[PDB]
Amino acid sequence: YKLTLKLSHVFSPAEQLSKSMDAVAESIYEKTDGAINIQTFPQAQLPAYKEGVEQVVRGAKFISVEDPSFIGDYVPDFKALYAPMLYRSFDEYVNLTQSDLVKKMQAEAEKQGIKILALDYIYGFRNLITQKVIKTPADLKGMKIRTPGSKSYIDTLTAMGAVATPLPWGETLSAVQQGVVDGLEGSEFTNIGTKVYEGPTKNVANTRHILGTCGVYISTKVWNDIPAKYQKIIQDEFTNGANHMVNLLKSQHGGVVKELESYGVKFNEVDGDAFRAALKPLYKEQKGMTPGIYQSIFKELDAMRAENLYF
Ligand SMILES: O=P(O)(OC[C@@H](O)CO)OC[C@@H](O)CO
């Protein structure tokens, strides 16, 4: 048995997302004795964002690695999973992805032709990156902030008080340099990995408005033709790779902040409650969502927090 798969994502070689995909692909190749050959293609040189997910839906020999908002048009519950200001830590989100609730969402994705291998390639809390000290939604008035091109991001930055400007990453950094947008948003790992800090935007507001994470998607039609012994290896290696990425970035974050600070980046806290109030209206069911999905998510998060507090 032989299968070759093209894996596409938008990240740069210096970023851990890219390094993790390479490591997992190599591990799977080795552990399957060459039977499963996943080749990686960084920096959106192949179809990416929704175009990558489209290849998956259309049954290509393809793995798309994108945040869950990019499967939300096909499986609307994933819009709720990627809602803003839900998660307080990487661990909360990992825990939620292991819940029966999220397993049910994965089953919904399979019915739409999308096999989800992971949801928790976490690349960090996304923060505002601008030339200003932003503390409240009022501070964002008139500021054009680049976001990725999905409704989740557009709605989030709009509700936060900005002029959301949805653009692929490739159209972003020069746009920031030229003032076509006033800033952007992303994790400290994105900031350092793509050298956002070498540009004019060296103020980071710790809004943590979205927990940036990639899922890993493959067509059910392709998946179902893979012998079970190789399915298990592919699945185990993607799960292990996510765990490693999450633990690594958790470890690195303090150092990354210090290194960014050494390059002149200045971090500030925000009025969290003010941003939470601005965003609360976004927790509304959209067509195709499971009735009560937000309430179900909140119930899980509340329970894990309650148990943590107790112990
Ligand atoms: O802000 P984006 O377009 O986030 C997209 C990511 O969520 C994948 O779907 O890119 C993040 C960077 O780290 C890419 O180099």
Side-chain angles (χ1 to χ4, degrees), residues 7-22 40-56 62-75 78-79 81-84 86-87 90 93 114 116-130 144-157 162 164-176 181 183-199 201 204 207-217 242 245-246 249 252-253 256 260:
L7 185 156
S8 176
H9 63 78
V10 308
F11 295 71
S12 287
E15 290 178 278
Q16 184 59 40
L17 187 285
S18 305
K19 295 176 180 180
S20 285
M21 291 300 107
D22 285 351
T40 59
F41 298 90
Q43 294 183 289
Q45 67 189 95
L46 258 53
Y49 297 114
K50 203 175 169 189
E51 287 72 22
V53 175
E54 185 64 28
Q55 288 299 315
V56 168
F62 196 99
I63 295 176
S64 176
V65 177
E66 303 291 349
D67 73 62
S69 81
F70 289 99
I71 70 170
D73 293 358
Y74 309 91
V75 192
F78 284 92
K79 298 174 172 180
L81 193 69
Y82 209 67
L86 286 186
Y87 311 111
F90 291 7
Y93 176 69
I114 302 168
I116 298 171
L117 295 175
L119 289 165
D120 61 339
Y121 281 86
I122 299 178
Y123 59 83
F125 285 104
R126 300 176 66 110
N127 291 320
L128 299 173
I129 311 169
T130 72
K144 296 166 289 252
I145 301 297
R146 178 270 173 180
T147 70
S150 75
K151 176 180 173 56
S152 294
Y153 288 106
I154 293 160
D155 288 349
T156 294
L157 270 292
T165 303
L167 301 169
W169 188 259
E171 295 175 10
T172 295
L173 295 181
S174 189
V176 172
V181 296
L184 67 162
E185 48 78 49
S187 76
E188 278 73 71
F189 303 100
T190 293
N191 196 333
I192 200 164
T194 65
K195 300 187 175 174
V196 171
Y197 65 87
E198 284 188 351
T201 59
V204 176
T207 45
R208 302 189 160 216
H209 47 269
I210 288 170
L211 175 58
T213 184
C214 289
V216 178
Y217 318 118
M245 178 167 180
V246 169
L249 272 57
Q252 291 175 325
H253 187 258
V256 170
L260 287 169

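Whatever order the structure lists ligands and atoms in, that order sets their numbers, starting from 1. In this chain, numbering begins with 1 at the start of the sequence shown.
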For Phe189, does its backbone N or O pair with a side-chain atom of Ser187 as donor and acceptor, under 3.5 Å? yes
In a simple table, one pair per line, please give the protein and ligand 1 atom names for every N or O pair closer than 3.5 Å, along with the distance.
from	atom 1	to	atom 2	distance (Å)
ligand 1	1 (O)	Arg126	NH1	3.3
ligand 1	1 (O)	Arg126	NH2	3.0
ligand 1	1 (O)	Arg146	NH1	2.9
ligand 1	3 (O)	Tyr49	OH	2.6
ligand 1	3 (O)	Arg146	NH2	2.8
ligand 1	4 (O)	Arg126	NH1	3.1
ligand 1	7 (O)	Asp67	OD2	2.6
ligand 1	7 (O)	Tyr123	OH	2.6
ligand 1	7 (O)	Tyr153	OH	3.4
ligand 1	9 (O)	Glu66	OE1	2.7
ligand 1	9 (O)	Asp67	N	2.9
ligand 1	9 (O)	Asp67	OD2	3.3
ligand 1	13 (O)	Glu15	OE2	2.6
ligand 1	13 (O)	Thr190	OG1	2.7
ligand 1	15 (O)	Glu15	OE1	2.7

Considering only distance and modelled atom types, tabulate donor-acceptor pairs under 3.5 Å from the side chains of residues 62-71, sequence neighbours left out.
from	atom 1	to	atom 2	distance (Å)
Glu66	OE2	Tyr49	N	2.8
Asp67	OD1	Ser69	N	2.8
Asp67	OD1	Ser69	OG	2.6
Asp67	OD2	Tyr153	OH	2.7
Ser69	OG	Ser150	OG	2.7

Applying ring-ring contact (aromatic ring centres under 6.0 Å, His included), can you list everything that pairs with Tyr123, at least two apart in sequence or on another chain? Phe11
Would you mind reporting whether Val204 and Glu188 have side-chain heavy atoms less than 4.5 Å apart? yes
Please name all residues satisfying ring-ring contact (aromatic ring centres under 6.0 Å, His included) with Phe78, sequence neighbours left out, ordered by chain then number. none
Decide whether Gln55 and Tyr217 meet the rule of one side-chain donor and one side-chain acceptor closer than 3.5 Å. no
